[PDB]
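This report concerns only the one structure given below.
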RNA sequence: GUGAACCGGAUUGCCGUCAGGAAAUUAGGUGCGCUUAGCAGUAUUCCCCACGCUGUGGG
């Protein structure tokens, strides 16, 4: 089976990843410039952390040197236009001007784990696989990339975690095909969830038949920026707790708990 | 465990940090312009504060030669001493180490009649071993020598010190409103004078700043070795200084010595910030003011985070400090904090008691 | 049904070229048959050692047809390897940004139908050349049909835009394999060779 | 399982010292809101119910 996880976030003025020349890395999509984060940072930010460490466990998830790992991750992107800035600093003597660059943007995270692959890689063990599923969920939710923390303490928590069980692996990058601007009645985050929710609002009416529908468990911080900002039932259940979300996922698939 | 400190402060028209062209620093958050004060400015103002003076035992500078020269009656420690200096591998780069070590060990090694390489290596080991200071533990250190123009025989040891404090750039809770001041300079004696006048342009702004501090207790304790009373004293003095110190910018022209109207202290196991509550700029309405609206938005964000991520195996508590209980966070019904205080000394006391059996007077001895 | 239609769409994708022997990895301007066949081998659930045994030639014998809806952008990334561990290795990886492709494979009807059925639910994961490029549009979005020529099969599929406005390219890039035709008929002046013929999972011709 | 899988550009930084926008000014000269009426000497009081061929009771 496929367990798709999606994530929308906003970040403070910082430099979470810079290139060889000292600039925040960029990309191209939606016809405009987009600030970026690598996948090889977000992986190994999830990994080798003191939080993730909770038949060799986690090696089935993350292989090393025909292991056939069952953890797949997408690439980060922006949800609007990028804006670079330059900081001018001097050094005192207590007894020359440089330049440092920073930007603020909205980014995305994706996770997907193959349950059958995880169980088979455990020599038939399924309870250990379920425990690994819970551990990965908790660690990914409770970790951030290790960027310039001591100067730019950018530690915003994710503003959305969406869980699906589609038959085919598909990412929702086609929501922000247009830049997301600001109006007097809204901010970035409230516009970000709505247009991603617009993608779920479409498609389902003119795509895969209801004979084999797709369910999901939604997670949001205290039901703010609600997935489906209306009375629509696009989400089977909206959850405001991480442990409750893990328990719901465990109940649906394997049947288990925490 | 990890100590967190949040602040909500309002400032009078001032220019505390400025860029190359002479304008207050600005940034972009949420698609709207915001004022900012740099983190380096805050760190420097805290480091040289009157409340941090008892724990100021380190120097970062490039005049290492003039320090040894002052610790000698013989005037023959100037040159070649600057060559012991100019060979450990130093282009007049700024060096950081404990002050108490240089004025003894550099004098005891430099003044002896020995070889250049041996003395240089001894001083290099002295510098790489001089980490015993609170500011070095807080603001960290990296020291790299120049391998292109260094002695091929000398060798450097580990000199990387991990910092134990993270300070975020001050970010205004609302939109940025820059201003321009037109000034003239007068001549005392009357006469023909100039023409249209030497009109200058000074830029300034006023904003409500959301400040965000974080002190990691375990790393600071490890950095200060087995001693823990010294670490507790450092934490208490640092909190006091942060509460009662301001950047020393254009202060002789703008005496913006305001103190924060709200402090929230939370003890967490993972870094948490509340800067996303201001992605929507604050607009002033005829009821309430900027500070109260900012505190209300902060309370909304904190209770949202709490009713979001929560764990039973690791509970957290907080104290909300407003002077004499004038600005409540959980104003309607919510008791997000547990031991609300209207005093800052009692805030230090509660923090120290949560840390351990530390009383302030007990730790004011190291 | 003679051909099945597949879509390769996402934020990024990669189709490596023969110019990858060092830390600098490069790509091509169009998908190669080797990558498509590897995707299919993943789709039907065959390992890297079983594909070489009487499984790849059947897929290679089918005709090649690919349509490019829009051009892409190559982008250089400063990937670093082995930092803080032992084996700091440095490398550069290039990616194609804002591009999409349509996959067409003409031949036997049974093989095409089986490929579409396995594409409805691949046994393993499916991606865009690299694990760090997930698909954006469904691969089985476009059901198979009956056609005579590859050009008609590729031009029958319409072009879908993203919003009401936006400029469109006036050239629709399409790529096909060179049909031998009658016995003989040496290759023309404008004949191109790619080192992308899968023989094993590496060996290419 | 795709010229692919296993993959962190990382650590180090006060823009600081100085400044009167100042000297001089009437918004003044012109205008009707005017013609009109019992809270009272009546000829069905808007609806409902009971008792008679007008007297009680409710809105």
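Protein chains in written order, with the UniProt record's numbering: chain A, 1 to 54, 138 to 148, 166 to 195, 204 to 366; chain B, 1 to 90, 97 to 372; chain C, 5 to 91, 124 to 237, 240 to 243. Where is the CB? At the ideal position from N, CA and C, for every residue including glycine.
To which residues of the same chain is residue i closer than 6 Å at the C-beta, ignoring the five residues directly before and after it?
i, result
"residue 314(A)", "none"
"residue 250(A)", "51"
"residue 127(B)", "160"
"residue 22(C)", "231"
"residue 188(B)", "205"
"residue 30(B)", "285"
"residue 299(B)", "288"
"residue 330(B)", "348"
If I measure Cβ to Cβ from residue i and keep anything under 8 Å in the same chain, skipping five residues before and after, which residues do I get?
i, result
"residue 59(C)", "45 and 50"
"residue 235(C)", "56, 60 and 243"
"residue 358(A)", "238, 241, 242, 364, 365 and 366"
"residue 145(C)", "5 and 6"
Looking only at its chain, what residues have a beta carbon closer than 7 Å to the beta carbon of residue i, apart from the 5 residues adjacent to it on each side?
i, result
"residue 355(A)", "365 and 366"
"residue 304(A)", "8, 280 and 283"
"residue 347(A)", "325, 326, 327, 353 and 356"
"residue 173(B)", "39, 42, 43 and 219"
Go to residue i, then tell me how far its alpha helix (DSSP H) extends in each direction, as first and last residue.
i, result
"residue 142(B)", "140-145"
"residue 78(B)", "From DSSP, residue 78(B) is part of no alpha helix (DSSP H); its letter is neither H nor E."
"residue 41(B)", "39-47"
"residue 360(A)", "350-360"
"residue 3(C)", "Only positions 5 to 243 of chain C appear in the structure, and residue 3(C) is not among them; the question remains open."
"residue 61(C)", "60-65"
"residue 311(B)", "296-312"
"residue 107(B)", "105-116"
"residue 369(B)", "366-369"
"residue 64(B)", "64-70"
"residue 128(B)", "122-134"
Our contact map puts residue i next to residue j with C-beta atoms below 8 Å; I'd like the distance itself, whole angstroms only.
i, j, result
"residue 333(A)", "residue 301(A)", "5 Å"
"residue 67(C)", "residue 213(C)", "6 Å"
"residue 211(B)", "residue 24(B)", "5 Å"
"residue 288(A)", "residue 296(A)", "7 Å"
"residue 71(C)", "residue 237(C)", "The Cβ separation is near 26 Å, so there is no contact."
"residue 238(A)", "residue 362(A)", "5 Å"
"residue 164(C)", "residue 18(C)", "7 Å"
Assuming residue i is part of the beta strand (DSSP E), what are its boundary residues?
i, result
"residue 214(B)", "214-222"
"residue 33(C)", "Run containing residue 33(C): none; DSSP gives neither H nor E here."
"residue 27(B)", "26-29"
"residue 6(A)", "2-10"
"residue 191(C)", "Run containing residue 191(C): none in the beta strand (DSSP E); it sits in the alpha helix (DSSP H), 186-192."
"residue 239(C)", "Between 237 and 240 the numbering of chain C has a gap, and residue 239(C) falls inside it, with no coordinates."
"residue 33(A)", "32-35"
"residue 186(A)", "185-187"
"residue 270(B)", "268-274"
"residue 244(A)", "Residue 244(A) -> not in any beta strand (DSSP E); alpha helix (DSSP H) instead, spanning 235-249."
"residue 134(C)", "128-142"
"residue 172(B)", "171-173"
(Q) With a threshold of 8 Å, are at least 3 pairs of Cβ atoms found where one atom belongs to the region 16-23 of chain B and the other to the region 188-199 of chain B? (A) no
Q.
Beta carbons nearer than 7 Å to chain A: which residues of the region 18-39 of chain C have them?
A. none
Q) Can at least three beta-carbon pairs, one atom from the region 336-343 of chain A and one from the region 232-239 of chain A, be found at a separation below 8 Å? A) no
Q: Give the residues from the region 236-263 of chain A that approach chain B closer than 8 Å (Cβ to any Cβ), ordered along the chain.
A: 249, 250, 252, 257, 258, 259, 260, 261, 262 and 263
Q: Scan the region 346-359 of chain A for residues whose Cβ lies nearer than 9 Å to a Cβ of chain B and list them as they occur along the chain.
A: 348, 349, 350 and 351
Q. Counting pairs of beta carbons, one from the region 265-280 of chain A and one from the region 181-191 of chain A, are three or more of them closer than 8 Å?
A. no
Q) Which of the residues in the region 159-175 of chain B, read from start to end, lie with their CB under 8 Å from any CB of chain A? A) 169, 171, 172, 173, 174 and 175
Q: Using a Cβ-Cβ cut-off of less than 9 Å, list which residues of the region 308-333 of chain B approach chain A; keep chain order.
A: 309, 310, 311, 312, 313, 314, 315, 316, 317 and 318
Q.
Closer than 8 Å is the cut-off here; do at least three beta carbon pairs connect the region 127-147 of chain C with the region 29-49 of chain C?
A. yes
Q | Residues of the region 211-228 of chain A with Cβ closer than 8 Å to any Cβ of chain C, in chain order | A | 218, 220, 222 and 225
Q. Using Cβ-Cβ distances below 7 Å, what residues of the region 277-288 of chain A are close to chain C?
A. 277, 278, 279, 281, 282, 285 and 286
**Q.** Residues of the region 192-213 of chain C whose Cβ lies closer than 8 Å to any Cβ of chain A, in chain order
**A.** 198, 199 and 202
Q) For the region 108-117 of chain B against the region 139-148 of chain B, are there 3 or more C-beta pairs whose distance is under 8 Å? A) no
Q) Okay, do the region 255-265 of chain B and the region 143-160 of chain B touch, 3+ Cβ pairs below 8 Å being the bar? A) no
**Q.** Where the region 10-21 of chain A meets chain B: residues whose CB sits under 7 Å from a CB there
**A.** 10, 12 and 13
(Q) Tell me which residues of the region 132-160 of chain C have at least one Cβ-Cβ distance to chain A shorter than 8 Å, keeping chain order. (A) 133, 134, 156, 157, 158 and 160
**Q.** Cβ-based contacts, 7 Å cut-off: residues of the region 40-54 of chain A near chain C
**A.** 40
(Q) Short of 8 Å Cβ to Cβ, which residues in the region 27-41 of chain B face chain A? (A) 27, 28, 29, 30, 31, 32, 36, 38, 39 and 40
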